[PDB]
Asker: 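Have a look at this one before I ask anything.
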2 protein chains.
Amino acid sequence: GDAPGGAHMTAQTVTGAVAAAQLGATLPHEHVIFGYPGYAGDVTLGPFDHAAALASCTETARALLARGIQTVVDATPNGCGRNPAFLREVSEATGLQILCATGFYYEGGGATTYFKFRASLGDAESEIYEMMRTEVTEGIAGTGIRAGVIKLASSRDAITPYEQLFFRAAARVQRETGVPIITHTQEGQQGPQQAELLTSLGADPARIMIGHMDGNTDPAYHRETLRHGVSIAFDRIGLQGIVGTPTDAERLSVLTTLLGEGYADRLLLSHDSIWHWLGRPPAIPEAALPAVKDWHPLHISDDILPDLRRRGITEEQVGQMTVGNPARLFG
Amino acid sequence: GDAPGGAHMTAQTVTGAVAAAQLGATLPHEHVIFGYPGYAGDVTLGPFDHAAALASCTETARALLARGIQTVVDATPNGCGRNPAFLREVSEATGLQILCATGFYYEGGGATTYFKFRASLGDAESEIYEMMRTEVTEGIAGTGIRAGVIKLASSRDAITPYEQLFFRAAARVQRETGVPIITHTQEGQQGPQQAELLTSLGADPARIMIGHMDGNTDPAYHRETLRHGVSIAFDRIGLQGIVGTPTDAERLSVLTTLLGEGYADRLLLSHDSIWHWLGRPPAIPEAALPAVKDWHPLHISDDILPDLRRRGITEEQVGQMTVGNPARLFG
Ligand SMILES: [Co+2]
Ligand SMILES: [Co+2]
Ligand SMILES: [Co+2]
Ligand SMILES: [Co+2]
């Protein structure tokens, strides 16, 4: 099929290099810990309880392994609580393999002030390129822990000029190292534009996963994106009818259509769940309880897969999505 | 004149309570360390060199004392690098008294994602109120170091709904504790609106300093703001013709007019300087060199004051601005 072509390094997890064959079933987009930009400024009342986060996270890790999930890809942006050392902790404690990311979030929800300022003063793209390259090849913050993927994100109405700085830096790092790229699309838009842009810049589509594609329910939009040869992920499975999100029933309808059209090799599945929130614990209005009810990392293993199988999807298609595709994209 | 009326606590500096009479000459708006939101996500290439920052900061501290400045008010927002423990370090090492702030920055340049999200889920104002109240009365991040002022900020075109959450929480904390409030106005606008809003909410104008008023060169705008009984600060003195900023000559023209109209008791002067930047050191395009040439904390002491005196301003007016006003506002 379409194999990764160009520079290449074996999958880097927070605990070191891992062979593609050892990745096993994988959730390509989750967040062990996560905090929206600003969470740190609420440190007095919402401090990080490391002991509790570690207990809870490892328990979630252990439950994933119970389900045969050997690997999780943590997509947390550098300014949203990324903590490679903590992920290494969670990994060494449970045996769950974790890959972390390098990247900043979309303009609308990221810690954008910094690079927007540096971009006004000089060559920010080049500076973003050096950070990503260093994090992928040498390590994050002096820990030696390397990023196994680059995380890119765009806004709803366009991939903004600020966002494009990151897309150009990542493309260059991609070309030079072969590292995988995973993305965020805001509210079901810009999937095709991200794929076009990344490929146009020389990024290997065999190493690109356009995310939150489940955010759009017109399969035409998905096919237009797949036309580029990149993989696409229904990665907010379980987050229903909230923040623009469709219902899982809607996602499944699109998914089985795409599956029935032969796209298994290019479909990945995830929850975009957060195991432990940073800042003060989120206050969940009762009315939103159903929207987040299945939004946890065991939902696909326990509800989705069995539901695709009973719908006609095959053990082979499911293994392609959950093991085949990840092995090739990140391995 | 107009003395602080209501609840009251003695000036809290990062090293403890200080009598109003011991504040001495003060710079009401500076930043020992500062980083635009996102700086932390650039930690791999732009890590904090604590030894160098401490050496440099204390040297700046020592130079301020050489000039008789006994106190500095650090206006750094919770998500812009605020570090009470480091300020205590700089203070205990030199004897320079430092007050730190509690508050988030304006929507356009702050770490806004967090509270914008919490506001969508619940009562963020109340949450912001608890943080500010706890930081002012008990301490920041478990250090015991209390905030001596609340920092509020608004955008250019309006005090946005997100910003108003902070203005309402601060007003309440102001009413209950008497703590001073200092603000940021973006590009010479919203000074009058901030003053109106804060007073309308029950905040004591004798404890309110509307900042970056030097950003507007129409004295009419300043008088309209002073009409509220609040103090106003020309606090970006030295930052010239850049980021919308006027020249110092322009600021001085407005200042002597206001001074000649009897407003000394309500005028404060500062630089809004940054002693040590967080993130990778700022790259200064040569063309901007003159704009930042006098932008350091010795500029007012060495250039401005002597320049107001030779312009006719009196030793008494200068002492009112630099010692009288601070004593009353923060003491
Ligand atoms: Co996302
Ligand atoms: Co995510
Ligand atoms: Co400001
Ligand atoms: Co400032």
Side-chain angles (χ1 to χ4, degrees), chain A residues 4 9-34 57 60-61 63-65 67-78 80-84 86-91 94-103 105 132 135-136 140 145-153 170 173-174 177-185 204 206-214 230-238 266-276 296-301 320-331:
Chain A
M9 307 169 293
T10 180
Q12 276 301 307
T13 70
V14 299
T15 58
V18 65
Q22 318 174 316
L23 297 176
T26 302
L27 287 173
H29 187 131
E30 312 292 333
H31 297 284
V32 176
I33 63 184
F34 180 99
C57 287
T60 288
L64 280 172
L65 295 171
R67 287 172 177 65
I69 288 174
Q70 294 185 199
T71 303
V72 170
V73 168
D74 189 283
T76 315
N78 301 11
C80 294
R82 181 183 70 166
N83 193 326
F86 179 78
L87 304 173
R88 180 165 56 190
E89 234 180 307
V90 172
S91 187
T94 66
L96 174 73
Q97 296 174 318
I98 307 174
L99 279 68
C100 72
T102 179
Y105 217 15
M132 296 180 173
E135 285 191 341
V136 166
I140 297 163
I145 305 166
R146 295 211 241 158
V149 309
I150 295 178
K151 165 72 174 284
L152 293 179
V173 173
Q174 210 295 307
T177 71
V179 72
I181 280 175
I182 68 173
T183 84
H184 162 116
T185 52
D204 183 357
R207 293 241 108 175
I208 292 179
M209 184 180 86
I210 297 309
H212 311 340
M213 287 293 299
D214 44 349
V230 294
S231 286
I232 64 167
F234 281 63
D235 57 17
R236 311 190 92 201
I237 293 166
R266 304 291 157 74
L267 297 180
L268 289 89
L269 313 162
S270 232
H271 318 272
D272 192 11
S273 73
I274 289 148
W275 304 4
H276 191 85
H296 66 267
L298 312 177
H299 173 47
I300 285 162
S301 280
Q320 190 53 58
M321 285 182 293
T322 64
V323 181
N325 296 357
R328 177 272 287 179
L329 239 149
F330 311 96

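Sequence lines set the chain letters: A, B, ... in the order given, protein chains first and strands last, and positions in each chain run from 1. Values reported hereafter were calculated over all heavy atoms of this structure, with side chains retained and with hydrogens, waters and symmetry mates removed.
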Asker: Has A/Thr185 got a side-chain atom pairing as donor or acceptor with A/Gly211's backbone, closer than 3.5 angstrom?
Answerer: yes
Asker: A side-chain contact here means heavy atoms from C-beta on lying under 4.5 Å apart; do A/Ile98 and A/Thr15 qualify?
Answerer: no
Asker: Search all heavy atoms of A/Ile237 against all heavy atoms of A/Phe234 and return the closest pair with its distance.
Answerer: CD1-O, 3.2 Å
Asker: Can you tell me how far apart NE2 (A/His31) and CH2 (A/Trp275) are? Round to the nearest 0.5 Å.
Answerer: 11.0 Å
Asker: Decide yes or no for A/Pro28 and A/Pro326: does some side-chain heavy atom of the first lie under 4.5 Å from some side-chain heavy atom of the second?
Answerer: no
Asker: Are side-chain heavy atoms of A/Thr71 and A/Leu96 found at a separation under 4.5 Å?
Answerer: no
Asker: I'd like to know if the side chain of A/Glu30 and the backbone of A/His271 have a donor-acceptor N/O pair within less than 3.5 Å.
Answerer: yes
Asker: List the residues meeting ring-ring contact (aromatic ring centres under 6.0 Å, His included) with A/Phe330, not counting sequence neighbours, and say none if there are none.
Answerer: none
Asker: Taking side chain as C-beta onward, heavy atoms only, is A/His299 less than 4.5 Å from A/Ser273?
Answerer: no
Asker: What pair of heavy atoms forms the shortest contact from A/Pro84 to A/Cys100, and how long is it?
Answerer: CG-SG, 4.1 Å
Asker: Is there a donor-acceptor pair closer than 3.5 Å between any side-chain N or O of A/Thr26 and the backbone N or O of A/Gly24?
Answerer: yes
Asker: What are the two closest non-hydrogen atoms of A/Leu23 and A/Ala327, and how far apart are they?
Answerer: CD1-CA, 4.0 Å
Asker: Which distance, rounded to the nearest 0.5 Å, do you find between the CD1 of A/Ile150 and the CD1 of A/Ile181?
Answerer: 5.0 Å
Asker: Aromatic ring centroids of A/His184 and A/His29 under 6.0 Å?
Answerer: no
Asker: Heavy-atom distance under 4.5 Å between the side chains of A/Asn325 and A/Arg266, does that happen here?
Answerer: no
Asker: State which residues pass salt bridge (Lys or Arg N to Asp or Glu O under 4.0 Å) with A/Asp214; sequence neighbours excluded, sorted by chain then number.
Answerer: A/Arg251
Asker: Would the distance check show the side chain of A/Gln12 and the main-chain N or O of A/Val136 forming a donor-acceptor pair, the cut-off being under 3.5 Å?
Answerer: no
Asker: Locate the shortest heavy-atom distance separating A/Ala61 from A/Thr94; write the atom from each residue and the value.
Answerer: CB-OG1, 3.4 Å
Asker: Rounded to the nearest 0.5 Å, what separates atom OG1 in A/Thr13 from atom CD1 in A/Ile145?
Answerer: 9.5 Å
Asker: When rounded to the nearest 0.5 angstrom, what is the spacing between CG in A/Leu329 and CG in A/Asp204?
Answerer: 9.0 Å
Asker: If you round to the nearest 0.5 Å, how far is CD1 of A/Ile210 from OG of A/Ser231?
Answerer: 9.0 Å
Asker: CG of A/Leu64 to OG of A/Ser301: how many Å apart, nearest 0.5 Å?
Answerer: 7.0 Å
Asker: Do the side chains of A/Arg82 and A/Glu135 get nearer than 4.5 Å, heavy atoms only?
Answerer: yes
Asker: Can you sort out the partners of A/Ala233 under side-chain contact (heavy atoms from CB on, under 4.5 Å), two or more places apart, ordered by chain and number?
Answerer: A/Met209, A/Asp235, A/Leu268
Asker: Is there a donor-acceptor pair closer than 3.5 Å between any side-chain N or O of A/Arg67 and the backbone N or O of A/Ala63?
Answerer: yes
Asker: Please report the shortest heavy-atom distance between A/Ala17 and A/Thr10, naming the atom on each side.
Answerer: CB-CG2, 3.4 Å
Asker: For the pair A/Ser91 (side chain) and A/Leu87 (backbone), establish whether a donor and an acceptor sit closer than 3.5 Å, ignoring hydrogens and angles.
Answerer: no
Asker: Kindly indicate whether the side chain of A/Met132, heavy atoms from C-beta on, has any atom under 4.5 Å from the side chain of A/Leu152.
Answerer: yes
Asker: Do A/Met9 and A/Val179 come close enough that some side-chain heavy atom pair is under 4.5 Å?
Answerer: yes
Asker: Closer than 3.5 angstrom, by distance alone: can the side chain of A/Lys151 be matched with the main-chain N or O of A/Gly103 as a donor-acceptor pair?
Answerer: no
